[PDB]
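Included below are structure tokens for two forms of one protein chain, each presented in isolation as structure 1 and structure 2.
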Structure 1
């Protein structure tokens, strides 16, 4: 009975097309964020999905009332009758609010005019990934938002002390990557229409090597190790060395294509491709060296015997030297 009278007076003579203190001072907005989950990070399209509760707070002199009550816990039916800031996410590919079974929105108005407005969103934010170090890469996928039509002289955003809260990090839908931490900054962006205050949140991520290593490195490590057996087999056993030589080289032609099947069509060589190509040169050269070795048995059979002994020395050493260079330059050097 009495609460209806309060609401009617608040909306009497109230114009929702004008922000509070339109010609006086900028409207200061305090924003929070609660992160239910960070969805899969789609590397092919360079995007990720995030599901958050977005909260905003601002004052409004036009919403002051005197009563024994202190806070009016209204619902979404009042959102369309008052001024709401036009916050949008700058790097959002596709976002949408949730409406089942009703508009997932909140509205609470205190007697001093303070307004709280919370809504639930799912955002396909755009994240640019530098896949040079795949699978040992790291990333910092951001999430930026700002006002659309209100410059820095009319709407100013500001984080609160409890900046961003997360739930159970291990329960999120991140399979390949592992969450590290978040950093929230503030910046001012200048465009053709004006200067806008921009708020940013960065989600640091790191891929896991616990699956790629066994999948590709070990099978590509056994082939190089196995391909050396021909150097311990005398060249008289031509069918023995011919079968072994044609096997590993053809085998490496299989995993060569499948390595990039976990990547988009990037035109720069990643860490995985460099390891595969080097793991193909060793096996290819051993077959080729055998051909060079066998081509001079007719000319200098005594000299040809020298090259076989060197093969068991330099070739195993080169692989060990290369692996030390490869792993240190990425795991601890990048």
Structure 2
């Protein structure tokens, strides 16, 4: 009825091409964000998925109405009739709004001209990961947004009091990572067309060691122990100690490639590689030790008598010493 009269009079002569206060002052926009879920972290593609309720608030003097009604609660139909800021996410790779069963958008206008505009978004942001400590690495993946065409002299963004909120962190699709905390900042980026106000949110994530303990560390450690069983087998059983010593070398080669499948094709040594490579040294040296032992079986039977005694003790002790140095440096030093 009379709400139709209010809505028709507001849009009479309205020009949605022009931003509010186009020639007067910058349009100040207050941004909120509710994070429904922070989806999987793709290390191979170096990205992560996040689903949010993105909210924006600004004043438009052209949208003032006088009535007993204090707020006009409108749906997505009116979003295309008024001026909407052109906010985009700078590090986004593939983002899309939701459209089932209708465009998931909200528009509310107060009689003083204040506009609240909320939409639901799914974003695949870009996050460059440094995997020098994998799988004991920590990351701070960002999410930046700004205005595409309006510089800092026309559009300014600003966080509200309760800017970024999260619900239940357990329901999120983070398997390998745990959410530690978040920060939000504000900067100015100078591009080739002007200076823009860039708003940033950083999510801190710590990787969970559990999956790679089962997948790589335990199988590699048991293969190294398997190569030690040769030292307790009679030195005259040449086929026995050679098959046991040649299969461990092959198995460690297979365990080396499978561990590298999760990572991208980086050209440096991660902490996972430094463990698999050393596990390769121990199994390789076990087979080499028998080669030395076999060569001296007949020439120096006395010398070959004491060679297996020392290998039974030195090899387990040296490996247990290597684990002490490895784990302390990556869990207490970095």
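Residue numbers count along the first chain shown, from 1. Under this definition, the rigid core comprises the largest set of C-alpha atoms superposing within 1.5 Å between the forms.
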Is residue 235 among the residues whose Cα moves by 2 Å or more between structures 1 and 2 after superposition of the rigid core?
-> yes
Core-aligned C-alpha movement of residue 322 between structures 1 and 2 reaching 2 Å | yes
For the two-rigid-part motion between structures 1 and 2, write down the angle in ° by which the smaller part turns against the larger.
-> 14
Can you give the CA shift of residue 195 between structures 1 and 2, in Å, with the two forms fit on their core?
-> 0.1
Between structures 1 and 2, C-alpha offset at residue 288 (rigid core aligned, Å) | 2.2
